[PDB]
Structure formats: C-alpha cells, structure tokens
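What follows is the content of query-v9.txt (compact mmCIF, N, CA and C atoms).
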# COMPACT_ATOMS: atom_id res chain seq x y z
N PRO S 1 -22.81 -1.92 -16.49
CA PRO S 1 -24.11 -2.14 -15.84
C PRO S 1 -23.97 -2.14 -14.32
N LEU S 2 -23.94 -3.35 -13.75
CA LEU S 2 -23.67 -3.50 -12.33
C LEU S 2 -22.26 -3.03 -11.98
N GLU S 3 -21.26 -3.51 -12.74
CA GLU S 3 -19.87 -3.13 -12.52
C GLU S 3 -19.69 -1.62 -12.57
N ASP S 4 -20.68 -0.98 -13.15
CA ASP S 4 -20.75 0.44 -13.26
C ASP S 4 -20.98 1.00 -11.90
N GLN S 5 -22.21 0.81 -11.42
CA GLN S 5 -22.67 1.27 -10.11
C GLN S 5 -21.66 0.93 -9.04
N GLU S 6 -21.06 -0.25 -9.16
CA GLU S 6 -20.03 -0.65 -8.22
C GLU S 6 -18.93 0.39 -8.14
N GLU S 7 -18.33 0.73 -9.29
CA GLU S 7 -17.17 1.62 -9.25
C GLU S 7 -17.56 3.04 -8.83
N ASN S 8 -18.81 3.45 -9.04
CA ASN S 8 -19.24 4.72 -8.47
C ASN S 8 -19.20 4.69 -6.95
N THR S 9 -19.59 3.56 -6.35
CA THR S 9 -19.53 3.42 -4.89
C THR S 9 -18.08 3.40 -4.40
N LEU S 10 -17.21 2.72 -5.13
CA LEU S 10 -15.80 2.64 -4.74
C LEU S 10 -15.11 3.99 -4.83
N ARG S 11 -15.22 4.65 -5.97
CA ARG S 11 -14.74 6.00 -6.17
C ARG S 11 -15.10 6.91 -5.01
N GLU S 12 -16.28 6.70 -4.43
CA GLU S 12 -16.73 7.57 -3.37
C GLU S 12 -15.98 7.29 -2.07
N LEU S 13 -15.90 6.01 -1.67
CA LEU S 13 -15.04 5.63 -0.55
C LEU S 13 -13.63 6.11 -0.79
N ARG S 14 -13.12 5.83 -1.98
CA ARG S 14 -11.75 6.17 -2.30
C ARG S 14 -11.52 7.66 -2.12
N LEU S 15 -12.55 8.47 -2.39
CA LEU S 15 -12.44 9.90 -2.14
C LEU S 15 -12.34 10.19 -0.65
N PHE S 16 -13.26 9.64 0.14
CA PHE S 16 -13.22 9.78 1.59
C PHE S 16 -11.85 9.39 2.15
N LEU S 17 -11.31 8.26 1.70
CA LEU S 17 -10.04 7.78 2.22
C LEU S 17 -8.92 8.78 2.01
N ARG S 18 -8.94 9.49 0.88
CA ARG S 18 -7.96 10.56 0.67
C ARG S 18 -8.11 11.64 1.74
N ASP S 19 -9.35 11.95 2.14
CA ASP S 19 -9.55 13.08 3.04
C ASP S 19 -9.11 12.73 4.45
N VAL S 20 -9.42 11.52 4.90
CA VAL S 20 -8.88 11.04 6.17
C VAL S 20 -7.36 11.01 6.13
N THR S 21 -6.81 10.50 5.05
CA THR S 21 -5.36 10.38 5.03
C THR S 21 -4.69 11.75 4.96
N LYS S 22 -5.33 12.75 4.32
CA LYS S 22 -4.79 14.11 4.39
C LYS S 22 -4.89 14.68 5.79
N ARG S 23 -5.99 14.40 6.50
CA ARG S 23 -6.13 14.91 7.86
C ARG S 23 -5.06 14.34 8.79
N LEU S 24 -4.88 13.02 8.77
CA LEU S 24 -3.85 12.40 9.61
C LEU S 24 -2.46 12.91 9.26
N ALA S 25 -2.22 13.20 7.98
CA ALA S 25 -0.86 13.54 7.56
C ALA S 25 -0.50 14.99 7.88
N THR S 26 -1.48 15.89 7.93
CA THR S 26 -1.20 17.26 8.36
C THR S 26 -0.92 17.35 9.85
N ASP S 27 -1.41 16.41 10.65
CA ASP S 27 -1.33 16.54 12.09
C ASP S 27 0.12 16.55 12.53
N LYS S 28 0.49 17.60 13.29
CA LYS S 28 1.85 17.75 13.77
C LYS S 28 2.34 16.43 14.33
N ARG S 29 1.49 15.79 15.14
CA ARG S 29 1.95 14.65 15.92
C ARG S 29 2.32 13.50 15.02
N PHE S 30 1.52 13.26 13.98
CA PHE S 30 1.72 12.09 13.13
C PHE S 30 2.81 12.30 12.10
N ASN S 31 3.61 13.35 12.23
CA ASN S 31 4.60 13.66 11.21
C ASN S 31 5.60 12.53 11.03
N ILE S 32 6.03 11.88 12.12
CA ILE S 32 7.06 10.86 11.99
C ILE S 32 6.56 9.68 11.19
N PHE S 33 5.24 9.49 11.15
CA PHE S 33 4.58 8.43 10.41
C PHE S 33 4.23 8.82 8.96
N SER S 34 4.57 10.02 8.50
CA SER S 34 4.14 10.42 7.16
C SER S 34 5.15 10.03 6.07
N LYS S 35 6.36 9.70 6.45
CA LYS S 35 7.42 9.24 5.58
C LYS S 35 7.62 7.75 5.83
N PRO S 36 8.24 7.03 4.92
CA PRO S 36 8.73 5.70 5.29
C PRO S 36 9.93 5.87 6.21
N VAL S 37 10.07 4.94 7.16
CA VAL S 37 11.22 4.99 8.05
C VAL S 37 12.50 4.95 7.23
N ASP S 38 13.48 5.76 7.64
CA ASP S 38 14.76 5.81 6.96
C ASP S 38 15.66 4.68 7.45
N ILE S 39 16.63 4.29 6.62
CA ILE S 39 17.65 3.37 7.10
C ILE S 39 18.99 4.11 7.10
N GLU S 40 19.03 5.21 7.82
CA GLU S 40 20.26 5.95 7.94
C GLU S 40 20.30 6.05 9.43
N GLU S 41 19.30 6.70 9.98
CA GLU S 41 19.24 6.81 11.40
C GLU S 41 19.01 5.40 11.89
N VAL S 42 18.01 4.74 11.32
CA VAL S 42 17.67 3.39 11.74
C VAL S 42 18.27 2.29 10.92
N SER S 43 19.39 1.75 11.38
CA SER S 43 20.08 0.71 10.64
C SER S 43 19.48 -0.68 10.86
N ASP S 44 18.38 -0.78 11.59
CA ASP S 44 17.83 -2.08 11.79
C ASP S 44 16.35 -2.13 11.72
N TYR S 45 15.70 -1.20 11.05
CA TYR S 45 14.24 -1.31 11.00
C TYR S 45 13.82 -2.59 10.31
N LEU S 46 14.49 -2.94 9.21
CA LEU S 46 14.01 -4.00 8.33
C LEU S 46 14.29 -5.38 8.91
N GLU S 47 15.33 -5.51 9.73
CA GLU S 47 15.56 -6.75 10.44
C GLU S 47 14.58 -6.94 11.59
N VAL S 48 13.94 -5.86 12.05
CA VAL S 48 13.02 -5.95 13.18
C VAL S 48 11.57 -5.96 12.69
N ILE S 49 11.30 -5.24 11.60
CA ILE S 49 9.96 -5.02 11.04
C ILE S 49 9.90 -5.68 9.67
N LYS S 50 8.98 -6.63 9.50
CA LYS S 50 8.90 -7.40 8.28
C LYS S 50 7.84 -6.85 7.32
N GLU S 51 7.20 -5.74 7.68
CA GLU S 51 6.14 -5.15 6.86
C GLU S 51 6.05 -3.65 7.17
N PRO S 52 6.99 -2.86 6.67
CA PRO S 52 6.99 -1.42 6.92
C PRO S 52 5.76 -0.77 6.34
N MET S 53 5.38 0.36 6.93
CA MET S 53 4.23 1.07 6.40
C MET S 53 4.36 2.52 6.83
N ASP S 54 3.67 3.39 6.11
CA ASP S 54 3.64 4.81 6.44
C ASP S 54 2.47 5.45 5.73
N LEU S 55 2.24 6.72 6.05
CA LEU S 55 1.05 7.41 5.56
C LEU S 55 1.19 7.79 4.08
N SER S 56 2.40 8.05 3.59
CA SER S 56 2.50 8.36 2.18
C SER S 56 2.33 7.11 1.33
N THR S 57 2.79 5.94 1.81
CA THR S 57 2.48 4.70 1.11
C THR S 57 0.98 4.45 1.08
N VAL S 58 0.28 4.83 2.15
CA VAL S 58 -1.15 4.64 2.15
C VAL S 58 -1.79 5.50 1.07
N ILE S 59 -1.42 6.78 1.00
CA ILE S 59 -1.86 7.71 -0.03
C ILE S 59 -1.81 7.07 -1.41
N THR S 60 -0.64 6.54 -1.76
CA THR S 60 -0.48 5.95 -3.08
C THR S 60 -1.37 4.72 -3.24
N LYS S 61 -1.40 3.83 -2.23
CA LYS S 61 -2.27 2.66 -2.29
C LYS S 61 -3.73 3.05 -2.52
N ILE S 62 -4.18 4.17 -1.96
CA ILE S 62 -5.53 4.63 -2.29
C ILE S 62 -5.64 4.85 -3.78
N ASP S 63 -4.67 5.56 -4.35
CA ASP S 63 -4.75 5.84 -5.78
C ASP S 63 -4.51 4.58 -6.60
N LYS S 64 -3.91 3.55 -6.00
CA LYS S 64 -3.71 2.28 -6.69
C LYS S 64 -4.94 1.36 -6.62
N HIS S 65 -6.06 1.80 -6.01
CA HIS S 65 -7.31 1.01 -5.97
C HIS S 65 -7.15 -0.29 -5.17
N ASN S 66 -6.36 -0.20 -4.08
CA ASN S 66 -6.05 -1.29 -3.16
C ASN S 66 -7.03 -1.39 -2.01
N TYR S 67 -7.66 -0.29 -1.64
CA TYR S 67 -8.56 -0.26 -0.50
C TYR S 67 -10.00 -0.34 -1.02
N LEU S 68 -10.60 -1.51 -0.87
CA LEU S 68 -11.98 -1.77 -1.22
C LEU S 68 -12.94 -1.49 -0.08
N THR S 69 -12.46 -1.48 1.15
CA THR S 69 -13.31 -1.21 2.29
C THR S 69 -12.57 -0.21 3.15
N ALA S 70 -13.32 0.50 3.99
CA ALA S 70 -12.65 1.27 5.03
C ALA S 70 -11.84 0.34 5.94
N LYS S 71 -12.39 -0.86 6.21
CA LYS S 71 -11.70 -1.80 7.07
C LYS S 71 -10.32 -2.13 6.49
N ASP S 72 -10.24 -2.26 5.16
CA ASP S 72 -8.96 -2.52 4.51
C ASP S 72 -7.96 -1.39 4.79
N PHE S 73 -8.43 -0.15 4.67
CA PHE S 73 -7.57 1.01 4.91
C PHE S 73 -7.13 1.06 6.36
N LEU S 74 -8.05 0.80 7.29
CA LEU S 74 -7.67 0.70 8.69
C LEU S 74 -6.68 -0.45 8.93
N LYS S 75 -6.80 -1.57 8.21
CA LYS S 75 -5.76 -2.60 8.30
C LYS S 75 -4.37 -2.02 8.14
N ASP S 76 -4.20 -0.98 7.32
CA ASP S 76 -2.86 -0.42 7.17
C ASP S 76 -2.57 0.68 8.18
N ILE S 77 -3.57 1.46 8.60
CA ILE S 77 -3.31 2.38 9.70
C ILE S 77 -2.96 1.59 10.94
N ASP S 78 -3.58 0.42 11.10
CA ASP S 78 -3.26 -0.45 12.22
C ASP S 78 -1.82 -0.94 12.15
N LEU S 79 -1.33 -1.20 10.95
CA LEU S 79 0.04 -1.67 10.81
C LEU S 79 1.06 -0.57 11.14
N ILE S 80 0.77 0.70 10.79
CA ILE S 80 1.54 1.81 11.36
C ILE S 80 1.73 1.67 12.86
N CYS S 81 0.64 1.53 13.61
CA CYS S 81 0.77 1.55 15.06
C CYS S 81 1.55 0.33 15.55
N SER S 82 1.15 -0.88 15.14
CA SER S 82 1.85 -2.05 15.66
C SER S 82 3.33 -2.02 15.30
N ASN S 83 3.68 -1.45 14.13
CA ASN S 83 5.09 -1.36 13.75
C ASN S 83 5.88 -0.53 14.77
N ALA S 84 5.34 0.62 15.17
CA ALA S 84 6.01 1.45 16.16
C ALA S 84 6.19 0.71 17.49
N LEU S 85 5.12 0.11 18.02
CA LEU S 85 5.19 -0.57 19.30
C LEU S 85 6.13 -1.77 19.24
N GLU S 86 6.22 -2.40 18.07
CA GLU S 86 7.12 -3.53 17.92
C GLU S 86 8.56 -3.08 17.76
N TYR S 87 8.79 -1.86 17.27
CA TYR S 87 10.16 -1.40 17.10
C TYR S 87 10.71 -0.66 18.33
N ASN S 88 9.93 0.26 18.94
CA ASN S 88 10.57 1.19 19.86
C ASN S 88 10.43 0.74 21.30
N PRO S 89 11.49 0.85 22.08
CA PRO S 89 11.44 0.51 23.49
C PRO S 89 10.72 1.60 24.21
N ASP S 90 10.06 1.31 25.31
CA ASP S 90 9.35 2.38 25.97
C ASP S 90 9.88 2.76 27.32
N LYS S 91 11.16 3.07 27.39
CA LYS S 91 11.75 3.49 28.63
C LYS S 91 12.13 4.92 28.47
N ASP S 92 12.81 5.23 27.39
CA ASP S 92 13.23 6.60 27.11
C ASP S 92 12.05 7.49 26.79
N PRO S 93 12.08 8.74 27.24
CA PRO S 93 11.02 9.67 26.81
C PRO S 93 10.92 9.76 25.30
N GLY S 94 12.03 10.01 24.61
CA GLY S 94 12.02 9.99 23.16
C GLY S 94 11.31 8.77 22.58
N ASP S 95 11.65 7.59 23.05
CA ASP S 95 11.01 6.40 22.58
C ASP S 95 9.54 6.45 22.88
N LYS S 96 9.19 6.90 24.06
CA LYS S 96 7.81 6.93 24.44
C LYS S 96 6.89 7.81 23.63
N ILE S 97 7.33 9.00 23.23
CA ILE S 97 6.47 9.88 22.43
C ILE S 97 5.98 9.16 21.18
N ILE S 98 6.92 8.59 20.44
CA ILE S 98 6.58 7.88 19.21
C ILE S 98 5.48 6.87 19.48
N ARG S 99 5.75 5.99 20.45
CA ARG S 99 4.77 5.06 21.00
C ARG S 99 3.41 5.70 21.23
N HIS S 100 3.39 6.84 21.94
CA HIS S 100 2.14 7.56 22.16
C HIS S 100 1.46 7.90 20.85
N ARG S 101 2.20 8.52 19.92
CA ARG S 101 1.58 9.01 18.69
C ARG S 101 1.00 7.86 17.88
N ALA S 102 1.69 6.72 17.87
CA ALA S 102 1.19 5.54 17.16
C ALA S 102 -0.17 5.10 17.70
N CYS S 103 -0.29 4.90 19.01
CA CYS S 103 -1.63 4.65 19.53
C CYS S 103 -2.58 5.78 19.14
N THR S 104 -2.12 7.03 19.19
CA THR S 104 -3.05 8.13 18.94
C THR S 104 -3.48 8.16 17.48
N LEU S 105 -2.50 8.05 16.58
CA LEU S 105 -2.80 7.91 15.16
C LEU S 105 -3.91 6.89 14.93
N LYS S 106 -3.69 5.66 15.41
CA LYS S 106 -4.67 4.58 15.30
C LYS S 106 -6.04 4.99 15.83
N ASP S 107 -6.09 5.47 17.08
CA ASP S 107 -7.37 5.86 17.65
C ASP S 107 -8.02 6.98 16.83
N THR S 108 -7.23 7.99 16.44
CA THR S 108 -7.76 9.07 15.62
C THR S 108 -8.39 8.53 14.34
N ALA S 109 -7.63 7.72 13.60
CA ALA S 109 -8.12 7.15 12.35
C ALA S 109 -9.45 6.42 12.55
N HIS S 110 -9.50 5.53 13.53
CA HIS S 110 -10.70 4.74 13.75
C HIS S 110 -11.89 5.61 14.11
N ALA S 111 -11.68 6.61 14.97
CA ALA S 111 -12.78 7.47 15.40
C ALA S 111 -13.37 8.23 14.23
N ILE S 112 -12.49 8.76 13.38
CA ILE S 112 -12.92 9.40 12.14
C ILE S 112 -13.74 8.42 11.32
N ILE S 113 -13.15 7.26 11.00
CA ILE S 113 -13.87 6.24 10.23
C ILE S 113 -15.17 5.88 10.94
N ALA S 114 -15.14 5.82 12.26
CA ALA S 114 -16.34 5.40 12.98
C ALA S 114 -17.44 6.44 12.90
N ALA S 115 -17.07 7.71 12.74
CA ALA S 115 -18.00 8.81 12.93
C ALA S 115 -18.49 9.44 11.63
N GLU S 116 -17.70 9.39 10.57
CA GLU S 116 -18.07 10.07 9.34
C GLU S 116 -18.74 9.14 8.32
N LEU S 117 -18.57 7.83 8.47
CA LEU S 117 -18.87 6.90 7.39
C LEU S 117 -20.12 6.10 7.74
N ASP S 118 -21.03 6.03 6.80
CA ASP S 118 -22.33 5.47 7.11
C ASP S 118 -22.24 3.95 7.23
N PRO S 119 -22.72 3.37 8.33
CA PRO S 119 -22.72 1.90 8.46
C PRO S 119 -23.29 1.18 7.25
N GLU S 120 -24.44 1.64 6.75
CA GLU S 120 -25.00 1.09 5.52
C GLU S 120 -24.00 1.20 4.37
N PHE S 121 -23.10 2.18 4.43
CA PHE S 121 -22.20 2.38 3.30
C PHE S 121 -21.04 1.39 3.30
N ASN S 122 -20.43 1.12 4.47
CA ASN S 122 -19.54 -0.03 4.59
C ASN S 122 -20.16 -1.29 4.03
N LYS S 123 -21.35 -1.67 4.50
CA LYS S 123 -21.95 -2.93 4.06
C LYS S 123 -21.93 -3.04 2.55
N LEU S 124 -22.25 -1.94 1.86
CA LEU S 124 -22.18 -1.93 0.40
C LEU S 124 -20.76 -2.19 -0.09
N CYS S 125 -19.77 -1.54 0.51
CA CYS S 125 -18.40 -1.75 0.06
C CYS S 125 -18.00 -3.21 0.20
N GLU S 126 -18.28 -3.79 1.37
CA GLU S 126 -17.84 -5.15 1.61
C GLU S 126 -18.53 -6.12 0.67
N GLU S 127 -19.81 -5.87 0.36
CA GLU S 127 -20.52 -6.70 -0.60
C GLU S 127 -19.93 -6.57 -2.00
N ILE S 128 -19.29 -5.43 -2.28
CA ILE S 128 -18.60 -5.24 -3.55
C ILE S 128 -17.23 -5.91 -3.51
N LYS S 129 -16.56 -5.87 -2.35
CA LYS S 129 -15.25 -6.51 -2.26
C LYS S 129 -15.38 -8.01 -2.43
N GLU S 130 -16.41 -8.60 -1.82
CA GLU S 130 -16.56 -10.04 -1.95
C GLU S 130 -16.96 -10.42 -3.36
N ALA S 131 -17.64 -9.52 -4.07
CA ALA S 131 -17.95 -9.79 -5.48
C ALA S 131 -16.69 -9.80 -6.33
N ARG S 132 -15.92 -8.70 -6.31
CA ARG S 132 -14.72 -8.58 -7.14
C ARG S 132 -13.66 -9.64 -6.83
N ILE S 133 -13.72 -10.28 -5.67
CA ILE S 133 -12.71 -11.28 -5.33
C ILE S 133 -13.23 -12.65 -5.75
N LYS S 134 -14.09 -12.67 -6.79
CA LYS S 134 -14.67 -13.91 -7.31
C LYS S 134 -14.63 -14.01 -8.84
N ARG S 135 -15.69 -13.54 -9.50
CA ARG S 135 -15.93 -13.78 -10.94
C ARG S 135 -15.08 -12.99 -11.94
N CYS L 1 12.00 -5.51 20.37
CA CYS L 1 12.45 -4.12 20.46
C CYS L 1 13.67 -3.89 19.57
N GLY L 2 13.81 -2.67 19.07
CA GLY L 2 14.92 -2.31 18.21
C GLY L 2 15.86 -1.39 18.96
N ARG L 3 16.99 -1.03 18.39
CA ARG L 3 17.90 -0.19 19.13
C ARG L 3 17.35 1.15 19.59
N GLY L 4 16.39 1.68 18.86
CA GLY L 4 15.79 2.97 19.15
C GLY L 4 15.99 3.89 17.95
N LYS L 5 15.27 5.01 17.87
CA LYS L 5 15.40 5.96 16.73
C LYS L 5 16.65 6.77 16.97
N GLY L 6 16.55 7.69 17.93
CA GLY L 6 17.66 8.48 18.45
C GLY L 6 18.55 7.58 19.26
N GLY L 7 19.85 7.88 19.32
CA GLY L 7 20.80 7.00 19.98
C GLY L 7 21.82 7.73 20.83
Exercise: express the given structure as structure tokens:
Amino acid sequence: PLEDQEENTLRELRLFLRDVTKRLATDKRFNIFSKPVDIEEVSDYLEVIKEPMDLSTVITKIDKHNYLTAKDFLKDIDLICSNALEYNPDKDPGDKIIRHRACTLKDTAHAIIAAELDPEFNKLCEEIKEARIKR
Amino acid sequence: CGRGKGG
C-alpha cells in the first residue's frame, strides 16, 4: 500500500544516484577516487584514515539500498574529499593534484545534485527515511 | 598528514 508507493520513490532516487556515480567515475580527474586506496603504495592509509571510502564502494552501497536521501549519498562523496585532505600533504605538486581533485569531485557531485534533483523530491525522500527509521 | 602517495 503505502510501503509500495514509498519504494517506487526510492527506486527512482536510487536510479539517479547510479547516474551521478557513473558520471563522476568516468571523469579522468576522479580516477584516483574510483578504486579503494591500496595498501601497497600506501602503507599507512588505515592508520591515518579511520573510514576509507571510494566511488566503487558507493556504487555497491547504492545497490545495497543504503542511500535513502541524496543527502545520504553526498555524506559519502563528502567523505571521499575529507579523506584526501586529511591524508595528503599539500606541498608537493603530486600531493596537491589529488587535493585539488577531491575538492573538485565534491563540488561536482553537489552541483549535479543541486541542479538535477527536484527540491520537492528530496523532501519526499527524507519523509520516507524518517518513516523507515521507525515502525 | 600521511607520508604521501608517491614517495
């Protein structure tokens, strides 16, 4: 009944989220963020970063029905960016590019979300998230 | 800060 209409609305967001995540992942610049960080080159990511994230993990989380709101999905694109700034020093040019792309990834994601997605449509998602986190 | 990616 109601739970019906609900999942039709979620399925729709969940579809959009795949398309944003495909767009960010094709982008040349965001390539370093499309894999999980390796611990071969980086022998200390996990001692420095307590919550790793990447774009392919986001992909799967979409299919795992983890993102109830666009805001939830941005919570994880946001964690991509803060992870980079928290890990990489910004003196070396090499270090700096990554830093740049992380801010850019974040800004790109938000602008897309800000521009393609109907404000009325978020409100519906959030009203569904608060419902499912109850009864 | 971490050691860096490239070294």
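If all atoms listed in the file are the atoms counted, then among S:66, S:90, S:76, S:24 the closest residue to chain L is S:90.
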Can you tell me, as a list in words, what residues are no more than 7 Å from range 2-7 of chain L when counting only C-alpha atoms, ignoring any on the same chain fewer than 5 positions away?
residues 41, 42, 48, 87, 88, 89 and 95 of chain S
Okay, now the selection with N, CA and C atoms, as a short mmCIF file (atom, residue, chain, number, x, y, z; two decimals), in the coordinates of the input?
data_model
loop_
_atom_site.label_atom_id
_atom_site.label_comp_id
_atom_site.auth_asym_id
_atom_site.auth_seq_id
_atom_site.Cartn_x
_atom_site.Cartn_y
_atom_site.Cartn_z
N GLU S 41 19.30 6.70 9.98
CA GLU S 41 19.24 6.81 11.40
C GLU S 41 19.01 5.40 11.89
N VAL S 42 18.01 4.74 11.32
CA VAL S 42 17.67 3.39 11.74
C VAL S 42 18.27 2.29 10.92
N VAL S 48 13.94 -5.86 12.05
CA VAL S 48 13.02 -5.95 13.18
C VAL S 48 11.57 -5.96 12.69
N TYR S 87 8.79 -1.86 17.27
CA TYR S 87 10.16 -1.40 17.10
C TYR S 87 10.71 -0.66 18.33
N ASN S 88 9.93 0.26 18.94
CA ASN S 88 10.57 1.19 19.86
C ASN S 88 10.43 0.74 21.30
N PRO S 89 11.49 0.85 22.08
CA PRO S 89 11.44 0.51 23.49
C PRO S 89 10.72 1.60 24.21
N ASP S 95 11.65 7.59 23.05
CA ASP S 95 11.01 6.40 22.58
C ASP S 95 9.54 6.45 22.88
#
Edge lengths and centre, in Å to one decimal, as JSON: that's what I need for the box along x, y and z that holds all listed atoms of chain L plus 4 Å on each side.
{"center_x": 16.9, "center_y": 1.5, "center_z": 18.8, "size_x": 17.8, "size_y": 22.0, "size_z": 12.1}
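With distances restricted to only N, CA and C atoms, S:43 is the closest residue to chain L from S:21, S:43, S:8, S:31.
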Determine which residues of chain S sit within 12 Å of chain L, taking into account only C-alpha atoms, and present them as a ChimeraX atom specification.
/S:32,37-49,82-99
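Interatomic distance, atom C of residue 129 in chain S to CA of residue 113 in chain S: 19.1 Å.
Of the residues in range 21-66 of chain S, those given helix (DSSP H, G or I) by DSSP on the backbone are residues 21, 22, 23, 24, 25, 26, 29, 30, 31, 32, 33, 45, 46, 47, 48, 55, 56, 57, 58, 59, 60, 61, 62 and 63 of chain S.
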